[PDB]
Amino acid sequence: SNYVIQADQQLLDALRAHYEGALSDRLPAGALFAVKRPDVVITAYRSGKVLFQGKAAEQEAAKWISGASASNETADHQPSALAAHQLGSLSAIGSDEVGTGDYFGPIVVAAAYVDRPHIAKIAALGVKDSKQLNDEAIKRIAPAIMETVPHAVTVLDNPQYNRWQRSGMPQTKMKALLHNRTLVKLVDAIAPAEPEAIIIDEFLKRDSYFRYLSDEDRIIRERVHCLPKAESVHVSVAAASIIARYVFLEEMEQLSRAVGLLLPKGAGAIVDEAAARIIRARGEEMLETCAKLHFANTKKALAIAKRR
Ligand SMILES: [Mn+2]
């Protein structure tokens, strides 16, 4: 009939290695592999969902999980993998940012163009782990990317950040401008070559994004894709992410040195303590050069600084 099961990475590896006849070509979007056993076909997906169809359905299914739920689903495309199925193999530019949630430091937006002939080399660097990678990995992988693939970066320093923020421009509009300006740099730099796609890791509705670029003299919208969790759609986005994290870290060391005090990431208690210290040793005005003032941490800092 038709049975569906959920599988962790190990079960997926087991299901795959078991069948001495796995297929990787011509498969529904999102599928990892498929097998054609005596009156039964197994279909495995990234999500972990496995589809058992055929005569010997419940039989084959039971071989792995007891109480295998049955549904009407079929070996069809997964809506979550429609874009990646199409974009994953093209030559594209991917952009992402970081530091948005950090009290100290700027907002960094980066973009990377990964042509088809470089996708593997970049994937070989293990960039598909941008989310979970400590500062050490970033400092080792990022530099190997910057010198393998063309990229652009835009850094929104604190004084300019505070300037826009107190002028009515919220972070959402800041990111739209930063992304649009980084993409412009990259598009011109890689010319005459043109990217088959331009993927932006979604941070706001496409409607809003371009509605914020109303004043820009140059806007990039030709073949622009706004996708959620873009790092998983194309390797160029994961690359941008890593590069952005790198420039951020380098910017923080430089900034901590200019402030003369180690500036911790995030916006937790240590951040207030750190700001408090700065206020006492360099004056409140120094914060305007290394922090996002409108943040709540500023008031708390001023309190901690005043009490003692
Ligand atoms: Mn993002």
Side-chain angles (χ1 to χ4, degrees), residues 46 80-84 87-88 90 92-114 122-123 125-135 137-139 141-142 145-146 149 151-158 161 164-165 169-187 195 197-213 216 219-221 223-252 265-267 292 295:
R46 290 292 205 306
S80 66
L82 292 170
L87 302 178
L90 308 179
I93 288 182
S95 57
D96 210 340
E97 75 296 293
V98 77
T100 64
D102 291 287
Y103 177 62
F104 288 118
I107 286 181
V108 187
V109 169
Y113 167 57
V114 178
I122 288 306
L125 288 179
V127 300
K128 295 169 182 177
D129 303 296
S130 57
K131 315 112 301 174
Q132 269 56 247
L133 277 172
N134 6 132
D135 307 325
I138 299 297
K139 302 200 69 175
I141 300 175
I145 293 176
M146 298 175 85
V149 125
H151 60 296
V153 178
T154 302
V155 176
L156 204 211
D157 291 312
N158 285 292
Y161 174 95
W164 291 0
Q165 189 283 152
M169 286 175 251
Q171 279 206 184
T172 51
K173 182 162 171 53
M174 282 186 207
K175 303 162 74 169
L177 296 173
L178 299 178
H179 264 88
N180 177 247
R181 292 167 183 172
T182 302
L183 293 182
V184 164
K185 296 187 213 170
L186 194 46
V187 166
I198 299 180
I199 308 157
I200 298 182
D201 180 47
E202 183 179 4
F203 54 87
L204 59 66
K205 296 140 272 57
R206 181 192 181 72
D207 173 18
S208 302
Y209 180 70
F210 294 96
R211 208 279 294 162
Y212 277 136
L213 307 173
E216 283 295 77
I219 298 170
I220 292 178
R221 64 149 43 198
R223 285 169 305 177
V224 164
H225 300 263
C226 278
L227 296 169
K229 301 170 180 174
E231 67 277 346
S232 65
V233 170
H234 197 289
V235 104
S236 67
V237 181
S241 176
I242 290 174
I243 290 175
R245 283 187 62 191
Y246 182 84
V247 170
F248 183 75
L249 293 170
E250 199 179 4
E251 282 288 302
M252 288 310 300
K265 299 204 283 293
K292 295 176 178 72
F295 266 51

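Both counts, for ligands and for their atoms, begin at 1 and track the order of listing. Scope of the values below: all heavy atoms of this structure, side chains included, with no hydrogens, waters or symmetry mates. FYI, the numbering just counts along the sequence from 1.
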Pair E202, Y209: side-chain N/O donor-acceptor within cut-off below 3.5 Å
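Side chains of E202 and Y209: no pair found under 3.5 Å.
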
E202 near the Mn ion (ligand 1) via N/O/S, less than 2.8 Å: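 Within the cut-off used here (under 2.8 Å), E202 places no N, O or S atom near the Mn ion (ligand 1).
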
For the Mn ion (ligand 1), which N, O or S atom of [X] is at the shortest distance?
X: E97; answer: OE2
X: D201; answer: OD2
X: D96; answer: OD1

*Are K173 and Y212 in a cation-pi contact, defined as NZ or CZ under 6.0 Å from the six-membered ring centre and within 45° of the axis?*
no

Residue pairs meeting side chain to side chain donor-acceptor pair (under 3.5 Å), one or both in residues 99-111, sequence neighbours left out, come to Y103-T298

Is the count of non-hydrogen atoms from other residues, nucleotides or ligands lying under 6.0 Å from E250 atom CD greater than 12? no

